[PDB]
Asks: 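One structure is given below, represented as structure tokens, and several questions about it will come after.
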Number of protein chains: 2
Amino acid sequence: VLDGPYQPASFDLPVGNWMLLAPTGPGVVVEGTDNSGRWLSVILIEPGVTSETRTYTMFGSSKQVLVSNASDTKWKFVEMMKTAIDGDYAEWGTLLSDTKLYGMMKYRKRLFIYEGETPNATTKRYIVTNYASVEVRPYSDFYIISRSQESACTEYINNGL
Amino acid sequence: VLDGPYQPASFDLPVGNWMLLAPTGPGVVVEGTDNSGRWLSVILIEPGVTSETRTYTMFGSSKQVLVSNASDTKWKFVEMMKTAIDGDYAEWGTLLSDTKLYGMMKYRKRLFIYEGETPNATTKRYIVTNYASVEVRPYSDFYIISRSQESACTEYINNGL
């Protein structure tokens, strides 16, 4: 019997700071949870994928997801969210991106990410419980940008490093 | 000036255990170092990649590597090794794989990995300093298989889960 699998550790990301992740390939990019009602696993899909089922381990649980990215040029981030510790995941939002950069921030009782389509990506907020203790698990290398420099973060998200 | 790159969390891999990583996409798979003379960054290349330069962040620094994978079916793991903290990386070994599973173990003054070509992949040992404190940094979820069950790890590496 194969126990687990196990996961890289999560990071108690300080509030008011953007984590700017730079994944290079498809798969799970980052996971975030308030340990109460929101568990978010962000997956990345390369260009030119017509409908197929892929397997991901989300918070250590192996799940099959039917994925699609018809764009020939943009990569596609997909927010997979469950709302109970044992619950099923569903797609809650997406980011279509030429830059392959993803952002996550804990701020003012909310978890913030970017959604939409570069170069016009815009932020999305989720109300969470005990937001300062939200755990963020990066599967990618990342940079940290203060919220005071959010205009710079928006520029990287939309136009690249 | 960007604050980073930061990396996924290092993992305290107990001696005498195979970390069996399950990456889903191209990019860095795992990094291992004795902080003395060996810094190993394992990169994964998808099938059907003609010679091209890709950027990876290796031990927290951006690096360009010329990569290729002529196989149309097998994924290719590449061991990029430097021997000084300042040094350049070179390819030291490879694993061609239909399973996309990669193993790493700290054992008997050595760092062990698999090399070759599935379904006949075989282990390789690197002498390292202070092997029990070698730092291991996973970029995906992973299983843990004791060395006493290495026959099972060999089966998974070569034939899948």
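Below, all heavy atoms of this structure are taken into account, side chains as well, without hydrogens, waters or symmetry copies. Numbered from 1 within each chain, the chains take letters A, B, ... in sequence-line order.
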Asks: Going by atom types alone, do B/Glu79 and B/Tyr126 pair a side-chain donor with an acceptor below 3.5 Å?
Replies: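 Note: B/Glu79 and B/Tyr126 side chains meet the donor-acceptor criterion.
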Asks: Should the ring pair B/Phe11 and B/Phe142 be called parallel, tilted or perpendicular, given that the plane angle runs from 0 to 90° and is split at 30 and 60?
Replies: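 Geometry flag for B/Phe142 against B/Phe11: perpendicular rings.
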Asks: With a 4.5 angstrom heavy-atom cut-off, which part of A/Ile145 approaches chain B: side chain, backbone, both or neither?
Replies: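 Contact with chain B involves the side chain of A/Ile145 alone.
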Asks: Answer whether the closest heavy-atom distance between the side chains of A/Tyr114 and A/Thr123 falls below 4.5 Å.
Replies: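 They are in side-chain contact.
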Asks: Which one, A/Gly27, A/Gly4, A/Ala22, A/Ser140, leads in non-hydrogen pairs under 4.5 Å with chain B?
Replies: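 Greatest number of close heavy-atom pairs with chain B: A/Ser140.
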Asks: Which residue out of B/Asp3, B/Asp141, B/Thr55 racks up the most heavy-atom pairs below 4.5 Å with chain A?
Replies: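 Top count of heavy-atom pairs under 4.5 Å with chain A: B/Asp141.
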Asks: Which bit of B/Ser10 is near chain A, if near means a heavy-atom gap under 4.5 Å: side chain, backbone, both or neither?
Replies: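 When you check distances to chain A, no heavy atom of B/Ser10 falls under 4.5 Å.
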Asks: Looking only at heavy atoms and a cut-off of under 4.5 Å, which of B/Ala9, B/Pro23, B/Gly25, B/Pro26 has the most pairs with chain A?
Replies: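 It is B/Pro26.
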Asks: Is chain A contacted by the side chain of B/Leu44, its backbone, both, or neither, given a heavy-atom distance below 4.5 Å?
Replies: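 Looking at B/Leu44, nothing touches chain A.
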Asks: If you link I, L, V, M, F, W and Y whenever their side-chain heavy atoms are under 4.5 Å apart, who else ends up in the same group as B/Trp39?
Replies: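 B/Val28, B/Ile43, B/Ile45, B/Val49, B/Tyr56, B/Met58, B/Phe59, B/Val65, B/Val67, B/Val78, B/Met80, B/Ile85, B/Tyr89, B/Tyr139, which link up through side-chain heavy atoms under 4.5 Å apart, make up the rest of the cluster.
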Asks: Just wondering, are more than 12 heavy atoms of other shown residues or ligands nearer than 6.0 Å to CD1 in A/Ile127?
Replies: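 No, not enclosed.
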